[PDB]
S.K.: 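What follows is a single structure, and I will ask about it in a moment.
Order of the sequence lines sets the chain letters (A, B, ...), proteins ahead of strands, with each chain counted from 1. When reading the values below, keep in mind they use all heavy atoms of this one structure, side chains included, and skip hydrogens, waters and symmetry mates. For ligands, and for the atoms within them, numbers begin at 1 and follow the listed sequence.
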Amino acid sequence: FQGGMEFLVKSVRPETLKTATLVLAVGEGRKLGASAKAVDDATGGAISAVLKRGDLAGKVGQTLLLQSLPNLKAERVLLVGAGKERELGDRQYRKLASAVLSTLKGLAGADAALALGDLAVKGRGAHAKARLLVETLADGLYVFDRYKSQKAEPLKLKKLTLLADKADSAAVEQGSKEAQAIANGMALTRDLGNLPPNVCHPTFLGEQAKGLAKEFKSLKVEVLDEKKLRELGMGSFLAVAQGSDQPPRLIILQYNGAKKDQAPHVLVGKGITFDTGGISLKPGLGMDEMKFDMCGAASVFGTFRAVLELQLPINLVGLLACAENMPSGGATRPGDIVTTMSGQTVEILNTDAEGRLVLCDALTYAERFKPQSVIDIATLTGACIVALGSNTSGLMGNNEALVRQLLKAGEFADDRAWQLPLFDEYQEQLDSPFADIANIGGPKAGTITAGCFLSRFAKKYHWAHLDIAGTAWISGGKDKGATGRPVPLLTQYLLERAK
Amino acid sequence: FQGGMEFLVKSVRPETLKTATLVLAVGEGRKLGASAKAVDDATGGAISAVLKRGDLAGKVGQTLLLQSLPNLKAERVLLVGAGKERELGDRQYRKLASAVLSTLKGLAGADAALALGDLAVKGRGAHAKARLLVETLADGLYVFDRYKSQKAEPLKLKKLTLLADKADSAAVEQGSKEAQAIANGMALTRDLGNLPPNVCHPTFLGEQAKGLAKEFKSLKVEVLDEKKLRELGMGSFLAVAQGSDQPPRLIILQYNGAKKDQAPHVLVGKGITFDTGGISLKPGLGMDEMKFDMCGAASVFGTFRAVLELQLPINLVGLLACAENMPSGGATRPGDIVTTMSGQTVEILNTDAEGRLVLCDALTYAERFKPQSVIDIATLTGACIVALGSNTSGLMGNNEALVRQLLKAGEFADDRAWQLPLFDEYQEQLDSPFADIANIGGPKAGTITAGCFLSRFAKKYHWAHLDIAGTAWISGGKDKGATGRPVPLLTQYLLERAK
Amino acid sequence: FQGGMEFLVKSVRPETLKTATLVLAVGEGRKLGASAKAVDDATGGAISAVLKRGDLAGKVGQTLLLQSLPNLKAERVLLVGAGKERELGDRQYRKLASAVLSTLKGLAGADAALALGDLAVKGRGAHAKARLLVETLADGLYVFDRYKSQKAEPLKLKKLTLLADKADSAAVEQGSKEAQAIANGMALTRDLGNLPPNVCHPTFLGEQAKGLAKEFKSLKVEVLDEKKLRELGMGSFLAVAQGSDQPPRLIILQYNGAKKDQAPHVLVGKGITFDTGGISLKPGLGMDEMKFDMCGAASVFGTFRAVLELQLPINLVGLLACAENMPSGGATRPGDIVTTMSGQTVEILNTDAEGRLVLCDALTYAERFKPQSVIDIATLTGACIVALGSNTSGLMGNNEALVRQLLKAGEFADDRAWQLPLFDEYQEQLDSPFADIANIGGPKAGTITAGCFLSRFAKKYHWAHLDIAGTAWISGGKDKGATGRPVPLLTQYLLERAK
Ligand SMILES: CC(C)C[C@H](NC(=O)[C@@H](O)[C@H](N)Cc1ccccc1)C(=O)O
Ligand SMILES: CC(C)C[C@H](NC(=O)[C@@H](O)[C@H](N)Cc1ccccc1)C(=O)O
Ligand SMILES: CC(C)C[C@H](NC(=O)[C@@H](O)[C@H](N)Cc1ccccc1)C(=O)O
Ligand SMILES: [Mn+2]
Ligand SMILES: [Mn+2]
Ligand SMILES: [Mn+2]
Ligand SMILES: [Mn+2]
Ligand SMILES: [Mn+2]
Ligand SMILES: [Mn+2]
């Protein structure tokens, strides 16, 4: 998705700014903040006169669109309700921004100017509000129509101006710049997740990574095929892949924005391009949504895309463990025992617990980078949706400082996670009479035991695990599709590590 | 269960103490701590001579039983392995204690003396180790054989002596005293949970509370019947009860150990004496375990029993909301709408979400006590077992300080909980087109939305919610039955509030 | 729901009419019909000037709201898109009307004037368009908030004026009058369906019928209790009811608008106020929607309400067979054999096929009225949703002319049905080795065999059967609730019979 929206920050007077649409906030009770009052005064009270008619109650997201008003250079004035509180929460601020965007998308105006600086958002200053506002606007422009014969009508809206006080403009510009890069990374993530699995297979993802290296000269890419995986001894990764006609790929992304002495941060992504379950076959209902089972790997693409645009001074490694999980006459069977890269043997009791089998070999591979943090991202357990639903990612890890850094990043990004414990008592659920580890722990604590399985391959470094099974996509309705989460959390984490 | 084990703390020399069995720890490699070395020296090296034969590797919990040794007044010497580490974890310490207890139960000795003061446990001093050791021993003596025609053979073991240094003896005695009271409360809790539902119905629990008031003059009890519930307007509590022939009971326990000016702590317990699911009937498999669905209420009994024995200087209120959930020609139907005590209307979409319907009316009732904390305890969601398994209780609440106090208490007691978030975004899952609240939130985030439902009745005070669906009992095997959790967490919380 | 919207038909010029909001249609390409052109000319081209800006593409249902325009007496002008075709279909016309209504509901205007006479709708003249438009508007005003503590904000909109040419005004007024009565009947139907089953039980429906007789002196009501049903020998009706604490009711409505020599039309409605399935218990998931299992009976209420308002010259009888289907220690069992009123014995193989057991006794009862048509209406089979979905009712009968009359009525009302065959070959699926009829026919042709069962009680008159299991309510989402169908079909059928 080409994006291309221009976001500008300006400190000019709203009431003399030439624009197709000037956007103003209105509180409940027809109450007017400083910017809206100044525009109203410029029109001679035309805005307060309309509001007195009572059509706009001022609840968050309600709108009233006015045409040409006296003495303004704005062709239209859009009023958006901001509720009755002095301070909006994050959800309300996003809802207001989305309501503005939805109106602007349907207009023929080529630009709009947002005079929303008077809004207050709990716990967020100028930079933090700009981060949320611009990310919501930019990501709200995302369109996936690759396989529609009838394409979307192109938007007339090509430019958005954020009006800010001179004292705040530098922070608003910084927030906008960071949010745009995050949303650009989100768009790549969403594209890859949304692509169907007959197109987006492991080989395709390897070519996508080579494409990203053509676009960004600071990125180096290596794509390893099944011969190299066998050379490296990644027996559990290969066990997942062997049932499919599609070969697996381990994609290595490397970006060196800091000095050679700075240890890298490693992102490990689950790239299961389609998960049938294998011989442990899934039910048919909703199985199409397993095209999103590579969204962990896609979020590594997207985080790299944001970091490469921002040119952050950090050293970053991405490992995308990509395979397709299929039934066949040569597929892995329940009860197979394999030897992982690490040398630990694994009894594969259920071939639908396959993401942890490609991830564990990638976690062993990650040791060579002498990393200062390793984060894996995976659409890993249905149990995580039972535990935390569709709006909060599960988070687990072996280092409290890293876990806290990721939680803090998710809070700032409003792309939240929540820690679940890896108490040693859970580990015995993975005991196998036949191997070093079983790949399932039974019906109890499923998100945790999956994290426990992964932890056995991450003991040599500081590691965390994001289970995005609930947050990586929307299952149904008009908005079915990949979300791009957790690119905002991950990019925020890296922004903080880059300071 | 009458208990009756005598726990004594003494500071005498182990090698001259008259006892049926002297218990000593042995490390891996036949290594001997200070107490064991002193006993060995007293026997002229008889213990190190035996250990040299190699039968006891010294792994945690392994045992070797010796008879009469030279120059000792101990009739027997029990060696128990303590592993290879300088410091045991909590799990290892419990395992060692249980191994000792299992051996002693099978001997004809009338007492045993534990010379285990040399063991180190990570993060635990004398008092904290005594708390864990004595609770494990005392609770390990629990027996439920009420309906067995062949009763357990009575134990010969009637006395346990803990040997401690003079400088540690006061802390060991304090820990022992507190642990015994906790285990006594646990025994009452376990008895009530284990009793079958044709015996332990709401009326029976009301009589149990009157029995507890006869035993403890500091306790006052009121038992409210269905006429009083209707007078109070508890429409959702009554909706759960109406399908059953057994009438409901709201049991009120009050203990005033502090001055009248000290606001009380309120414990609210789910007392569903059997949960068939109602019209939303449960499957038959394992449904017998729903006799444990009153374990939340039973843990309020048990916590009171511990507090009453210890005479803690706190003001404590217990509210046990007791009903039986049955199908019948007059039972509540899916789609019924009722008015709670609070005035909020609830659409009962699923009659198997019944615990929250008796709890919410009890939470409204709790307002009259002007409490400084309100904790409800409930075997509330199967989703909590998916999220946190059988060993960690789910914890939710509306006050961060209270939540942290409960987590800290569970850590100290080794009866741990884990917080799940009540983010406002989850609340919309309870939206009903027909009432103020629906009683279910769907397949996503089931433990959280149950907590969200309860939170709507707890806004007037500091409140937390413990979902013990996984921790309140053991489902199968030789040890099937109620655990008594979370009496240790709750009593520890109150001990800390009483300082 | 009190309704109360005033619908007026006027033939005045739109451009001089005083109104809070004047509504005009705009075609794709900014094309203007006669009324819209006349208003535009009155403003000096202000409307075409705005449209030239391009914000309103003119797709069906899109809107653009203007404030005060030059030389108009309308405070606001609402433009609504009408698409690119010369003629709208029924669905498009409804969508346009709903879009207008949704906008008007959010404005503070006390009235609105619709200048939509220039719209063409395929196959519909002035009267038929008014029927669809006014029914959509009036039914779109329905609100059910009985058990919400926070009530809906009252609408400012209290009056809608339909502008029509003088030559069309009589037909528009007639269509409006009929549509308002249909929507008023729909509102009663929807209220009863939406009421929860602990409130809306058979006794309650009997009192509702007495209430309707207080409002309409032309209506006579008799309510028969279980003693009378037993006297009449309705063994299958009583078999359904016996498991519940709620007694059954047979409600008889009689309206004599024609001469005594005119044979009556009889409407028979399934009034199962809640369907648990009985001993053949339903699964828990979605079972709350069985509060809509009395929507057949509710549609008889609603059709009577429309006929009574219109004072149609017909003789009409309503039979509401009302019971609650519950499990209990006295409930009917699978394998029970009962004797129906007709004397035919029925083997009740499945207690969840209960609607046909109350209907068949009511169909025998209907014989006494010497009817010229008998129509039963029932939320009868899940198979009907498999066959015809949620938008088309299933229709079956023993008389081709009656079936065709009902199909024609559903087409005119845009509340369509579709015939399924009652070929004699299907009848053998109801053979029982033990009784005259089994109450189920197995997994094949479930909607048809239910109709076949009913047909065995309707041989003495011209009879049809509407299976509204899919059309009587909306299952989920924001708009969950009763629809009021098939009141429009039934009232249209009676309007045609009254000519
Ligand atoms: C076999 C089980 C122990 C593990 C299993 N996990 C998987 O199948 C993963 O590979 C799935 N990719 C997890 C998943 C399933 C449905 C929706 C979102 C995410 C699961 O059922 O969660
Ligand atoms: C209907 C659902 C929203 C809620 C439902 N909860 C219940 O049935 C509770 O009343 C049960 N007492 C919860 C439970 C079930 C099995 C094992 C332990 C605990 C559940 O399935 O968890
Ligand atoms: C037992 C079967 C032969 C008949 C059975 N019918 C019923 O249960 C009716 O009483 C139901 N009221 C039919 C129904 C079910 C679900 C949604 C809408 C309507 C059915 O399953 O359709
Ligand atoms: Mn899988
Ligand atoms: Mn998977
Ligand atoms: Mn239940
Ligand atoms: Mn329960
Ligand atoms: Mn049924
Ligand atoms: Mn039914």
S.K.: Checking B:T471 against B:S393: is there a side-chain donor and acceptor pair closer than 3.5 Å?
M.R.: yes

S.K.: With respect to the Mn ion (ligand 5), what is the nearest N, O or S atom of A:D275?
M.R.: OD2

S.K.: Using the rule given for side-chain contact (heavy atoms from CB on, under 4.5 Å), can you reason through A:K291 versus A:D275, listing the C-alpha separation, both sets of side-chain angles and the distance that settles it, and then say yes or no?
M.R.: CA-CA 7 Å; A:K291 73 172 184 179; A:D275 189 6; over 6 Å; no

S.K.: With under 30° as parallel and over 60° as perpendicular, where do the rings of A:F453 and A:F457 fit, or are they tilted in between?
M.R.: tilted

S.K.: So which of the N, O or S atoms of A:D293 lies nearest the Mn ion (ligand 5)?
M.R.: OD2

S.K.: Give a yes/no answer: is there an N/O/S atom of A:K270 under 2.8 Å from the Mn ion (ligand 5)?
M.R.: yes

S.K.: Please name the atom of A:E354, restricted to N, O or S, that is closest to the Mn ion (ligand 5).
M.R.: OE2

S.K.: Check the side chains of B:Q246 and B:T273 for a donor-acceptor pair under 3.5 angstrom, ignoring hydrogens and angles.
M.R.: no

